[PDB]
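Residue numbers (this note's numbering), protein chains in the order written: chain A, 3 to 230; chain B, 42 to 276; chain C, 42 to 276; chain D, 3 to 212.
A quick write-up on the structure given underneath.
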Amino acid sequence: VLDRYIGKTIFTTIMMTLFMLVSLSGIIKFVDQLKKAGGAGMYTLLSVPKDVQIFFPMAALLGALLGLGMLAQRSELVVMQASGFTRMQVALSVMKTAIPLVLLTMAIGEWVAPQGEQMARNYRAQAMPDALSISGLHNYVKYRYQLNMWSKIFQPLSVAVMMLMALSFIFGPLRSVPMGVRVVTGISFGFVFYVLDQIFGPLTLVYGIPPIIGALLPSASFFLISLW
Amino acid sequence: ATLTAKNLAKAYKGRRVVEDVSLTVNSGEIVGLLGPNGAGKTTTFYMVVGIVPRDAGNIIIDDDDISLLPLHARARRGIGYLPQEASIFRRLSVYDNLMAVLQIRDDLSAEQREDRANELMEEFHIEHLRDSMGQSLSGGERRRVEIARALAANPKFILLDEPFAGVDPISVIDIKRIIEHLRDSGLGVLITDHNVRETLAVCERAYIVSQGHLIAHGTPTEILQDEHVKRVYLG
Amino acid sequence: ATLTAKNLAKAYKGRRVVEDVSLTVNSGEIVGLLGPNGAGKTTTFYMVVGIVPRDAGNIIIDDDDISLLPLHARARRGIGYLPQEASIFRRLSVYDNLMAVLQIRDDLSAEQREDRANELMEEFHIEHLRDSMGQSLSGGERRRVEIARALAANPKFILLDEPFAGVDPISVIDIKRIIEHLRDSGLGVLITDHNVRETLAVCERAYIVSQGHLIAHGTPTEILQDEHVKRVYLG
Amino acid sequence: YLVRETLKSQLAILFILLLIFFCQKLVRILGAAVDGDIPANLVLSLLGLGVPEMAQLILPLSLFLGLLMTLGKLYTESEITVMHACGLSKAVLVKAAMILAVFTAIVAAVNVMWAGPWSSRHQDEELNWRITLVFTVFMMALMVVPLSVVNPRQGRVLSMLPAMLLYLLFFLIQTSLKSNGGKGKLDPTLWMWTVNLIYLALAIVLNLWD
Numbered sequence: 003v004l005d006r007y008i009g010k011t012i013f014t015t016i017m018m019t020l021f022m023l024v025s026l027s028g029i030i031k032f033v034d035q036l037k038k039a040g041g042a043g044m045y046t047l048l049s050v051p052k053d054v055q056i057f058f059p060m061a062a063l064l065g066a067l068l069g070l071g072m073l074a075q076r077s078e079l080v081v082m083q084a085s086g087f088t089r090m091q092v093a094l095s096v097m098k099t100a101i102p103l104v105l106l107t108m109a110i111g112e113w114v115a116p117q118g119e120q121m122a123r124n125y126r127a128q129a130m131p132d133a134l135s136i137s138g139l140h141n142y143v144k145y146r147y148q149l150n151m152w153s154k155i156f157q158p159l160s161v162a163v164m165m166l167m168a169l170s171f172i173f174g175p176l177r178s179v180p181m182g183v184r185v186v187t188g189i190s191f192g193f194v195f196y197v198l199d200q201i202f203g204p205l206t207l208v209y210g211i212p213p214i215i216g217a218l219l220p221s222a223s224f225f226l227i228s229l230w
Numbered sequence: 042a043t044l045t046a047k048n049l050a051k052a053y054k055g056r057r058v059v060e061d062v063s064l065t066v067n068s069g070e071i072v073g074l075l076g077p078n079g080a081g082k083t084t085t086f087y088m089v090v091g092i093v094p095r096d097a098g099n100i101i102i103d104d105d106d107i108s109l110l111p112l113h114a115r116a117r118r119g120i121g122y123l124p125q126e127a128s129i130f131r132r133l134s135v136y137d138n139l140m141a142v143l144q145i146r147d148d149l150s151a152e153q154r155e156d157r158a159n160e161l162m163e164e165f166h167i168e169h170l171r172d173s174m175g176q177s178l179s180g181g182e183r184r185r186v187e188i189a190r191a192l193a194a195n196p197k198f199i200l201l202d203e204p205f206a207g208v209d210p211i212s213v214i215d216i217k218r219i220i221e222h223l224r225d226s227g228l229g230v231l232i233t234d235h236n237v238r239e240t241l242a243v244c245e246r247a248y249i250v251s252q253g254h255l256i257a258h259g260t261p262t263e264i265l266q267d268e269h270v271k272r273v274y275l276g
Numbered sequence: 042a043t044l045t046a047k048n049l050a051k052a053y054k055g056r057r058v059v060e061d062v063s064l065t066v067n068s069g070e071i072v073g074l075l076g077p078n079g080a081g082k083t084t085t086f087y088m089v090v091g092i093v094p095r096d097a098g099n100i101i102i103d104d105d106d107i108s109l110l111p112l113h114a115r116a117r118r119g120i121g122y123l124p125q126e127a128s129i130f131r132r133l134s135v136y137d138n139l140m141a142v143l144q145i146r147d148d149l150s151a152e153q154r155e156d157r158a159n160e161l162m163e164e165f166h167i168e169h170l171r172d173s174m175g176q177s178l179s180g181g182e183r184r185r186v187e188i189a190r191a192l193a194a195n196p197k198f199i200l201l202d203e204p205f206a207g208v209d210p211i212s213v214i215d216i217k218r219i220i221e222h223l224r225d226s227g228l229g230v231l232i233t234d235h236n237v238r239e240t241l242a243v244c245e246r247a248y249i250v251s252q253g254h255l256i257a258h259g260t261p262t263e264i265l266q267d268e269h270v271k272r273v274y275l276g
Numbered sequence: 003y004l005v006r007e008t009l010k011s012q013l014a015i016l017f018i019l020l021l022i023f024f025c026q027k028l029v030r031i032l033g034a035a036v037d038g039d040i041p042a043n044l045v046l047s048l049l050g051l052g053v054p055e056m057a058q059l060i061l062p063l064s065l066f067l068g069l070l071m072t073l074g075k076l077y078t079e080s081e082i083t084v085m086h087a088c089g090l091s092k093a094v095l096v097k098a099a100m101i102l103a104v105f106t107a108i109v110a111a112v113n114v115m116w117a118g119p120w121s122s123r124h125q126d127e128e129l130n131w132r133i134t135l136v137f138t139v140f141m142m143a144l145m146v147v148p149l150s151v152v153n154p155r156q157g158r159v160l161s162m163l164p165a166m167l168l169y170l171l172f173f174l175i176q177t178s179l180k181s182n183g184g185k186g187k188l189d190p191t192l193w194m195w196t197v198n199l200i201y202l203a204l205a206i207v208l209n210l211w212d
C-alpha cells in the first residue's frame with residue numbers, strides 16, 4: 003500500500019529530523035546553563051518534553067518536505083499519479099501519519115509536557131507560557147488574549163494546513179529541480195506561514211472578532227487557495 | 042475510442058526541441074515512435090501526459106478539453122505512462138507494488154485484485170520475485186515489474202517510454218504476447234524503444250520523429266520501405 | 042596482460058545467484074557475458090571490480106593478486122568499470138565530465154587532454170552538447186557520455202554493463218567501431234547486453250551464464266545455434 | 003569536484019537552521035513592536051543576545067549534515083562509484099571535505115573571535131575550548147566520508163544516526179569538561195584538549211581501512 007509506504011518513509015524521517023532538532027536544542031541550553039549555574043540527567047529530561055511539543059510542527063516541514071523529496075528524487079510520485087492517483091496523497095496519505103503523530107504532541111501538551119516540566123519547577127527549589135485548561139482564560143481575560151491559546155490548543159488543523167499548502171511545491175515540481183536549491187525556499191515559504199499566522203493574533207481582534215474564527219485567520223484561507 | 046494529439050511545441054530554456062508532431066492513437070492499436078536521440082520523444086510524452094507545460098496543444102478524447110487538465114487529471118481520464126528512467130518504489134516489494142497499484146482502483150474487489158496480481162506474476166515470471174524487495178531488483182527485472190505495474194492500473198490508453206530497456210528476449214516475447222492480448226482485449230498503446238526487430242514487429246503503425254519534426258509516418262512495412270530512415274535513424 | 046576471474050560466489054540473504062563461475066578476458070579480446078534477466082551479471086561485475094564483499098573466489102590477473110583489493114586500487118592499475126545504472130554526474134556539463142575524468146590522467150598535457158576530449162565529442166556525435174549539464178539530458182545522451190568518459194580514462198581492460206540501453210542503432214555502430222578500434226589498440230572488453238542481434242556481432246568469445254551456471258562458452262555462431270542457449274535465453 | 007554541491011547543501015542546511023527557531027524568537031519581539039515600542043537597540047540586540055553560541059556550534063552540525071546529504075546523494079545516484087572507479091581514493095574526498103572544513107573553520111573563527119568584543123559586550127551587559135573548533139570541524143568532515151560509503155542497497159539512517167550520535171557524545175562531554183574550572187586562566191581537568199585527539203583515532207580507524 004502506497005499509503006503505508008509514504009507513511010512509513012515520512013514517519014521515520016520525522017523521527018530522525020525530530021531527534022536532530024530536539025537533541026540539538028537540548029544541547030543548546032545545556033552548555034550555557036551549565037556555564038551560568040555554578041548532573042545532566044534531569045537537565046535533559048526537563049529540556050526534552052517542552053521541545054518535543056515545540057519543534058514537532060516545525061520538524062514536519064523538515065520531514066514531509068525532505069523525506070518526500072528523496073522519495074520524489076527517484077521519480078516515484080509521478081508514477082503514483084500516472085497510475086491513477088492525485089493530490090489525495092497529501093491529505094489522505096500524509097495526514098494518516100501526521101494527525102496521529104501531532105496527536106501525540108496535542109496529548110503530550112496536556113499530559114506530561116506542563117506537569118513534566120513541573121518536576122523541574124520542583125527542582126528549582128534545590129537549583130540555583132499560559133498553559134492551562136479552558137477555565138484559565140475565563141478569569142484571565144475577565145480581570146488581552148481573548149482565547150489566543152485556542153491556537154496553542156487546536157494547532158494541528160493549521161499545522162496540517164501549513165504543509166498541505168507547502169507540499170504542492172514538491173509534488174508539483176519543475177523537473178529541473180536539484181531540490182537543494184528549491185525545497186529550502188519551499189520550506190522558508192511556509193516557514194512564515196505558521197509564524198505570521200501567529201503574530202497576526204491581535205490583527206483581527208484589534209477591532210473585535212469571535213476567537214473561533216479569530217484564531218484561524220490565514221489558516222482557513224490557506225487550504226482554500228491551495229487546492230491543486 | 043479515439044485520441045489525437047495536436048500542435049505540440051516545447052522549448053527547453055530558449056532552445057526549441059519539438060515543432061508540431063501531431064500524433065493519433067485509437068482503441069485497439071499498437072503504435073510506435075521510433076527516431077534518434079533528442080528527437081522530442083520523452084518530451085512528447087511529457088507534453089501529452091502533463092509532466093511539462095507546452096506552447097500549443099490540443100488533447101481530445103472524442104470531446105475532451107483535458108488539454109489543460111493536469112497530470113493526475115489526465116491519468117484519471119485514462120492515459121497510462123511508463124517512465125524512461127527507472128521508476129520503482131524502492132523499499133517496497135514486487136507484490137507490494139502491484140497490490141499498491143491495485144489499491145488505487147477502488148472499483149474492483151479485494152479478491153479480484155489478488156487474482157489479477159497472481160495472473161500478472163504468472164505471466165511476467167516474477168512469482169519467484171514476489172518476495173524480492175523493490176530496490177533489490179536488477180534492470181530488466183525491474184522493467185518487467187514496471188510494465189506489469191502500468192498494466193495493473195489498467196486504463197483505456199497506455200503510453201510506454203522504453204519498455205525494452207535491457208530485457209531478455211523470452212520475456213520480450215511474453216510482453217509482446219500480453220500487449221497483443223490487451224490489443225485483442227481493446228486497448229490503445231503508444232510504445233517507443235530502439236528495439237527495431239521487435240518494436241516494428243508488433244506495431245500496427247509507427248511515427249518517425251527527428252529533432253522535433255515528424256519526418257515520416259505510416260505502417261511499419263513502409264517504414265522499412267522508407268529510404269530516409271536509414272539516412273537518419275535505422276542503419 | 043590477462044584478467045582472469047576464478048570461482049566466484051554470492052548468496053544475497055539466502056538467495057544464491059552466483060555459484061562457481063570463473064571467467065577470463067585475454068589481451069585485447071571482446072568477451073560476452075550474455076545471460077537472462079536477474080542472472081547476477083552485474084553481481085559478477087560488482088565482485089570483479091570489488092564493489093561488494095564476495096563470499097569466495099579469486100580475482101587474479103596472474104601478474105597480480107587483487108582478490109581483496111578495494112574499488113580503486115585494481116582500477117588504478119587498468120581495470121575499468123561501467124555501471125548499468127544511470128551514473129553520470131548530475132550537474133556538471135558533458136565537457137566537464139570528460140575533462141574531469143581526463144584531469145586525472147596525469148600523463149599528458151592539458152591541451153592534449155582537450156584535444157582528446159574534442160576527439161571524444163566529435164566521435165560520439167555529441168559535440169553540440171558541450172554546454173548541457175548532466176541531468177539536462179536523457180537516456181541515450183547519458184549512455185553516450187558515460188561510455189565516453191569511461192573509455193576516456195583508457196584502462197588496460199574494461200567491463201561494460203549494457204552500454205546499448207536506449208541508444209539508436211547508429212550510435213550502436215559508432216560504439217562498435219570504437220570498441221573494435223580499442224581492441225586493436227589493446228583493450229579487452231567484457232560486456233553484458235540484451236540487444237542480441239547487435240551484441241553478438243562484435244563478440245569473440247561468450248561466457249553464457251544462467252542462474253550461476255555457465256551453460257555455454259564459445260564462438261557466437263554456435264552460441265546462436267545451441268539448442269540449450271535457445272532454450273534458456275533466446276527462445 | 004563536488005565542493006559546489008557540498009557548499010550548496012551546506013548553505014541550505016545553515017539557512018534552515020538559521021531560521022528554524024530564532025526567527026520565531028525575533029518575530030516575538032519585533033512583530034508586536036510596531037504598536038508597542040519602536041527602538042533600534044532592543045530588537046537589534048537579539049542577534050548577539052540569542053545566537054553567539056548556537057552559531058558557534060551550528061557549523062559542525064550543518065557541516066557534517068550537509069556533507070552527509072551530498073555524499074549520500076552521490077552514492078545513491080551511483081556517481082562517486084564512478085569517480086572512485088577512476089582510480090580515486092577516499093582521501094580525495096577527504097581533501098574536498100578539508101576544503102569545505104576550512105571554509106567552515108573560518109566561519110567558526112568569525113562567529114567566535116572577531117565578534118568576541120561584540121558578543122562579550124551585547125551578552126555580558128576556556129581558550130583550549132576556543133581552539134578546539136579547528137579539529138571539531140575537521141573531525142566530522144573526516145568522519146562522514148567513510149561512514150557514508152552506503153549504497154543503493156540498504157541506504158538509510160543507520161549511518162546518519164551515528165553521525166549525529168557521535169556529535170552528541172563528543173560535544174556534551176566537551177561541555178562537561180568545559181564546565182569544570184572556570185573562565186580564562188582558571189584551570190579545569192586538562193582533558194578537553196585530549197578528548198578530541200582521542201576521537202581523532204575514532205575518525206581514523208573506521209576511515210583508513212587496511
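All C-beta atoms in this analysis are idealised placements derived from N, C-alpha and C, irrespective of residue type, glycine included.
How should residue i be labelled, buried or exposed, when 16 other C-beta atoms within 10 angstroms of its C-beta is the threshold for buried?
i        : result
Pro94/C  : exposed
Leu139/C : buried
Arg56/C  : exposed
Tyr87/B  : buried
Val243/C : buried
Which residues in the same chain have their Cβ closer than 7 Å to the Cβ of residue i, if we skip the five residues on either side of it in sequence?
i        : result
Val109/D : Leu61
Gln252/B : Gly79 and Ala80
Examine chain A for any beta-carbon lying closer than 8 Å to the beta-carbon of residue i, and answer yes or no.
i           : result
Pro124/B    : yes
residue 8/B : Nothing about residue 8/B can be read from this structure; chain B reaches only from 42 to 276.
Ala14/D     : yes
Is there a Cβ of chain B sitting closer than 8 Å to that of residue i, yes or no?
i        : result
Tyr136/C : no
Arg184/A : no
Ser179/C : yes
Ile188/C : no
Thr46/A  : no
Could you check if residue i belongs to the surroundings of the ligand GDP, using beta carbon to heavy atom distance under 7 Å?
i        : result
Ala127/A : As presented, the structure is devoid of all ligands, the ligand GDP included, so that no description of it is given.
Would you please state the rounded distance, in angstroms, between the beta carbons of residue i and residue j? I believe it to be under 8 Å.
i        : j        : result
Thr99/A  : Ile12/A  : 6 Å
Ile249/B : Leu75/B  : 6 Å
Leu241/C : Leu123/C : 19 Å between Cβ atoms; not a contact.
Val186/A : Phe137/D : Actually they do not touch by this definition, with Cβ atoms about 29 Å apart.
Nearest chain D C-beta to residue i closer than 8 Å, yes or no?
i        : result
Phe130/C : yes
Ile216/C : no
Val33/A  : yes
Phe193/A : yes
What residues in its chain sit with their C-beta under 8 Å from that of residue i, if we drop five residues either side in the sequence?
i        : result
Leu169/A : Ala66, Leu67, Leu70, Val92 and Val96
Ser221/A : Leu159, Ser160, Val163, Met164 and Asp199
Who are the Cβ neighbours of residue i in its own chain at under 6 Å, not counting the five residues just before and after it?
i        : result
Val273/B : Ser251
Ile102/C : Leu44
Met174/B : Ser134
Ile264/B : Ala247
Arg118/B : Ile107
Which whole runs of the alpha helix (DSSP H) in the segment 43–95 of chain D are 4 residues long or more, in chain order? At a cut-off of 4 residues, the continuous stretches assigned as alpha helix (DSSP H) that sit fully inside the segment 43–95 of chain D are 48–52, 55–77 and 82–85.
Could you tell me which uninterrupted beta strand (DSSP E) segments, each at least 3 residues in length, are contained entirely in the segment 85–161 of chain B, listed from first to last along the chain? Complete beta strand (DSSP E) runs here, min 3: 120–123.
Taking only runs of the alpha helix (DSSP H) that begin and end inside the segment 22–96 of chain A, which ones reach a length of at least 4 residues, in chain order? The segment 22–96 of chain A contains these whole alpha helix (DSSP H) runs: 42–49, 58–61, 69–75 and 79–84.
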